[PDB]
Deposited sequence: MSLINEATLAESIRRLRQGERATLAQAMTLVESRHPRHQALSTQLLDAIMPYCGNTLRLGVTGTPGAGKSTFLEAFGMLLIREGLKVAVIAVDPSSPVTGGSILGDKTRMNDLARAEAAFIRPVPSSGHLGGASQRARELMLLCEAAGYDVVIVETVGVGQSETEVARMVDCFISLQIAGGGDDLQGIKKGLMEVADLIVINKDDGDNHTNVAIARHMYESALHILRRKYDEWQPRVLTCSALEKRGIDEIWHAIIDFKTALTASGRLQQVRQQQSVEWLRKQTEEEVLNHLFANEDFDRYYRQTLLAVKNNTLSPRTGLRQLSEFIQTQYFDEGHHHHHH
């Protein structure tokens, strides 16, 4: 069926009934750069807001070689066996699940952060029980994913532990606990656990947990889902999950508003030039930082 201004309400109806063709169509619309599609997309997203917010939002990162694909397939299939509908938003770095009718998989091209969030909203409005946003754990991708999900899960394989990961990890999982590397897996699991037991809790309500699994042998997956449920229980008992979700949305709005204002300034060719000359003046000991700041402020005011 066509999606357009006249049919928007019926299209939303179809979407909320969980019709997969309409979900895919709506996502494609949201991804179009055609100015007309951008305005209709805006109408759609405004319209669906009341239908969002009753979906468990999970983030999953995996380092290269961590077995993210096999884990996601096993985990996804477990959720479907539990009778749940699961969507996977596969974000680009800066199988059996594919065949499941109760699943839905969509890639997000390398911003992509706003895009991932909007696609997640569509999945929520479509009645998915669990939405998983996943990407490679590299650079700061853990903290970026963490900011849009209820529960953040990092996959690791058996330099020290990344501090940014410690900041955001709710669960750490060591995949490929199979064959002959049990000891290597146990040592890695122990190391993450030492860090997560000694550092202050991200949430007062939750000691982060470190688990192991073998996706390809189907062991440990049930236990990971159970830990996620335990997390949900702990955070919802105090009303902290709702608070987290509100804080994430406020922080996104605030950060994007600030960043647009700042990007416009630092993009300006005249300001960029004056800024760089000011920096060089300070570096070369001709101006104090105080004076550097004042003249930047005056340039901005004028």
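Note: segments 1, 96 to 110, 127 to 131, 180 to 185, 330 to 341 of the deposited sequence have no C-alpha coordinates in the structure.
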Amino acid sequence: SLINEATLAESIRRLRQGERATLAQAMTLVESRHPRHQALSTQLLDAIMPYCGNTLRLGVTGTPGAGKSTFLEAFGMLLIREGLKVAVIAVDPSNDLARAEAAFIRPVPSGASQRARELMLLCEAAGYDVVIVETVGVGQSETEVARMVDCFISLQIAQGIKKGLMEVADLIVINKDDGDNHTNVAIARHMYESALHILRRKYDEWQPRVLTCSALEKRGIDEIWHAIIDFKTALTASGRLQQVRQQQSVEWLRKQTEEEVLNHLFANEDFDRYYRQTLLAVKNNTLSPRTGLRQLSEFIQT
From here on, numbers count along this sequence of modelled residues.
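Mean CA B-factor, 56 to 64 versus 261 to 269: the higher value falls on 261 to 269. For the segment pair 175 to 183 and 72 to 80, the entry gives 175 to 183 the higher mean B-factor, averaged over Cα atoms. Across the options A146, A100, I198, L211, the residue with the most elevated CA B-factor in the record is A100. Highest C-alpha temperature factor among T135, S194, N95, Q156, as the PDB entry reports it: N95. For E217, the recorded CA temperature factor ranks within the highest third of the chain's modelled residues.
When the modelled residues of the chain are ordered by C-alpha B-factor, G164 sits in the lowest third. In the deposited entry, the Cα temperature factor of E142 sits in the top third of values across the chain's modelled residues. Among the modelled residues of its chain, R20 has a C-alpha B-factor that falls in the middle third according to the deposited record.
Among the modelled residues of its chain, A112 has a C-alpha B-factor that falls in the highest third, as given in the PDB entry.
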